[PDB]
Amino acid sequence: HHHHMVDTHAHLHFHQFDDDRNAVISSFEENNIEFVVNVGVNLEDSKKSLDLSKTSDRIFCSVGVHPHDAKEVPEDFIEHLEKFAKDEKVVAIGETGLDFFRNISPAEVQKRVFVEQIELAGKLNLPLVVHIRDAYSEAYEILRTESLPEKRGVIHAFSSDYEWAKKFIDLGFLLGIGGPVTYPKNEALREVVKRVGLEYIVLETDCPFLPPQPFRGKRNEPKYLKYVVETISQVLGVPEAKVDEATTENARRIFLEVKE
């Protein structure tokens, strides 16, 4: 009966939460946040994410190396992520993917690091938390190329059009919709959400990044997810309860269901 929301992409361990992380986390229940998937961006950061997830029953963890950090991976980075994943709190592999917009790391280096994490997720049968920036065609080619985990995962902060959305949904991924869906300028994204529907989306804040409209210029956090749901419900012409139920069920199935 409850209107619960799930944040599938948070970075609560980042320094922007140093002064009030405890308060933010302890208020999840009051704010209708059922659980959050806290994501790491490199080996050191993933360790901090895991340590934090172990302090709350409502925080699960994703470990990985972001494409920006691809040129920095140690030779045994996959073994190190695999060691983290021994912890039951780890429910996914990521952030991992390609970012050809910033290109902090060379494209071929990003591709190999991404491929290696996709292979690890397949091995552990863990869903992937994928980051794609101006590289949808390239990421698509890579993902369809190999043996993906049963529960493929989520293409977080999905930023392409309907055609690409359909291609990924058909591959078995769900799409992460966050703060930007509320931006007056993002007419395109809203149209995508309208075409795709609730069966293929999960909510996310990507906190502290990309706050929803009423809070531009402010640190983003899980409780602001309500504005994302509000917009989605308005664009789809359905009750907020419908958006919450569907996205939460989607998130529960992907991240919390016991996997072989």
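All residue numbers refer to positions in the sequence shown, first residue = 1.
Comparing the deposited coordinates for 27-35 and 59-67, the stretch with the larger average C-alpha B-factor is 27-35.
Of the two stretches examined, 174-182 and 153-161, the record assigns the greater average C-alpha temperature factor to 153-161.
Going by the entry's values, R195 shows the largest Cα B-factor out of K48, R219, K226, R195. As recorded in the PDB entry, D87 shows the highest C-alpha B-factor of the residues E82, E95, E119, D87. Sort the modelled residues of the chain by CA B factor and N42 lands in the lowest third. Per-chain ranking of the deposited C-alpha B factor places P74 in the highest third. In the deposited entry, the Cα temperature factor of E204 sits in the bottom third of values across the chain's modelled residues. When the modelled residues of the chain are ordered by their C-alpha B factor, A107 lands in the middle third. The entry lists a Cα temperature factor for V115 that places it in the middle third of the chain's modelled residues.
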